[PDB]
């Protein structure tokens, strides 16, 4: 019985602007997906969704990983179970965490000696196949953990304060939001162009402020980012409500994390304000997950000797 896990993640800065050549800063958080494997003669994949075989409708990311592995090492089958603390449809790197956890669990089952970089790359390839296109960001951060400046792929000082995630419970149509931004940029290139550049710049100045743990300043830049995301059309009233509530209850800052148009926001907060921010996000109608940043990336949690 092998159990491996991988964390979810938030963007401190830079969602929507990476595809335009701009830097970003992401942070792995301690809501994790666990994948447990044990040898069998048959493939079984059990989740909250149910038990299937290789099934690209119900379990696409796992099915892709298992395919990739049989192509480099034969296996009679595997009893594979998935547990996750990352809310479904939440937009916190769900698919990347399960992909990366599964790869590590299969690397372990079959002793293939994959390094982290290899795991991250195979992760990217898997998301690329399922999603049509994908950026290497999610699988890299979920593989490595900690605070990562993207795409330099540089580790930064872990966020030591409180992190709250507020879910609007509105599923974000990502491809649509990405496409609206590209269309808006095409219609108004000399307006939107600088807005996206401005988002990039938050990570240039933000890198240092994260390293000095100046979370007041980090929070202020996060608020600016939220406004810039609002400007390119990826926010909504539900996001805004949760975001302002977090700010009114003592957060350093708050903004969308990820695709926008619903999904989750994030707030960072002094530890003395965590309960008060959580409560305010709930009272504004969001579902709160209290997390902490984690320097722990993909990990073997269990490797039982029979």
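Numbering follows the first chain given and starts at 1.
Trainee: Higher mean Cα B-factor in the deposited model: 47-55 or 277-285?
Mentor: Mean B over CA atoms: larger for 47-55.
Trainee: Test of understanding: from the entry's C-alpha B-factors, which stretch has the higher mean, 4-12 or 297-305?
Mentor: Mean B over CA atoms: larger for 297-305.
Trainee: For the CA B factor values reported in this entry, which option in 214, 230, 160, 138 has the top one?
Mentor: 160 has the highest C-alpha B-factor of those listed.
Trainee: Report the option among 172, 102, 143, 226 whose CA atom has the maximum B-factor in the deposited record.
Mentor: Reading the PDB entry, the winner on C-alpha B-factor is 172.
Trainee: Which third of the chain holds residue 112 when residues are ordered by C-alpha B factor: lowest, middle or highest?
Mentor: CA B-factor rank for residue 112: highest third.
Trainee: Test of reading the entry: by CA B factor among the chain's modelled residues, which third contains residue 219?
Mentor: Lowest third - that is where residue 219 ends up once the chain's C-alpha B-factors are sorted.
Trainee: Splitting the chain's C-alpha B-factors into thirds, which one does residue 166 fall into?
Mentor: It falls in the bottom third of the chain.
Trainee: Lowest, middle or highest third: where is residue 36 by Cα B-factor in its chain?
Mentor: Middle third, going by the recorded CA B-factors of the chain.
Trainee: Taking the chain's C-alpha temperature factors as the reference, tell me which third residue 148 falls into: lowest, middle or highest.
Mentor: Tercile = lowest for this residue's CA B-factor.
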